[PDB]
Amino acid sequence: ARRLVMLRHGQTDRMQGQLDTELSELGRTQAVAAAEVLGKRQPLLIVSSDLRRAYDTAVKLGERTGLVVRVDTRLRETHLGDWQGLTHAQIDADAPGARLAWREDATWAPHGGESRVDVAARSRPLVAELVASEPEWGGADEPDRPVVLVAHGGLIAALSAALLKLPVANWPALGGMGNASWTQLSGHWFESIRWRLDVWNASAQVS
């Protein structure tokens, strides 16, 4: 069994998407806490979104583990198109039912943005590459050491649902990840690997 951990950063300084928002100082200390916790699981590898709220969180885990943090733009949050930088009120004022529809339809995207299906399509190949290129992952010697992806709430829900092979209609069953939270899937005996959900949205600040 290959363990795959996905970590969502803490507090930041209104739709963000791929805008490059910063962690607050609280968010920075939450990254430290998350590093202390996830560091005890001894990660095999760390891959991070290039967006600083994710990357700055990953760097603390890298410092705790002595691992490099590989960066990969395929882990970027959903691009939210015209919504980016807008408040809920502003979006609701142009389309009263849009945010609701979005939440309930994994194929729906804001104008100029990505749907959950798009985000899964672009991120899923990263996981396949890792299965192919990291024989230690779930290998005989240290089978429990997890690959850690440091990313975003939208990405994590989309990619998890895709790996679990849920039908598209059921992808909205996965709620939103909180601040400094983690999720874990395990892949059991790429295409023939069967993934199951071990943990969804547990706090990473505490163990």
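Start at 1 and count along the sequence shown; that's the residue number.
Novice: Relative to the deposited sequence, how many residues with no modelled coordinates occur between residue 13 and residue 14 (none, 1 to 3, 4 to 9, 10 or more)?
Specialist: Going from residue 13 to residue 14, the model skips 4 to 9 residues of the deposited sequence.
Novice: Using what the record says, work out whether there is a hole in the model between residue 189 and residue 190 and how many deposited residues it spans (none, 1 to 3, 4 to 9, 10 or more).
Specialist: Count of unmodelled residues in between: 4 to 9.
Novice: Taking the recorded C-alpha temperature factors, which stretch has the higher mean, 40 to 48 or 166 to 174?
Specialist: Per the PDB entry, the higher value belongs to 40 to 48.
Novice: Please compare 133 to 141 with 69 to 77 and say which has the higher mean C-alpha temperature factor in the record.
Specialist: Averaged over C-alpha atoms, the B-factors run higher in 133 to 141.
Novice: According to the Cα B-factor stored in this entry, which of the following is highest: 34, 155, 58, 26?
Specialist: Among 34, 155, 58, 26, the PDB entry lists the largest C-alpha B-factor for 26.
Novice: In terms of the CA temperature factor given in the entry, to which third of its chain does residue 202 belong: lowest, middle or highest?
Specialist: Lowest third - that is where residue 202 ends up once the chain's C-alpha B-factors are sorted.
Novice: Please place residue 95 in the lowest, middle or highest third of its chain by C-alpha B factor as given in the entry.
Specialist: Highest third.
Novice: Within this chain, which third does the Cα B-factor at residue 86 fall in: lowest, middle or highest?
Specialist: According to the entry, residue 86 has a C-alpha B-factor in the chain's highest third.
Novice: Taking the entry's C-alpha B-factors for this chain, is residue 106 in the lowest, middle or highest third?
Specialist: Within its chain, residue 106 is a lowest-third residue by C-alpha B-factor, going by the deposited values.
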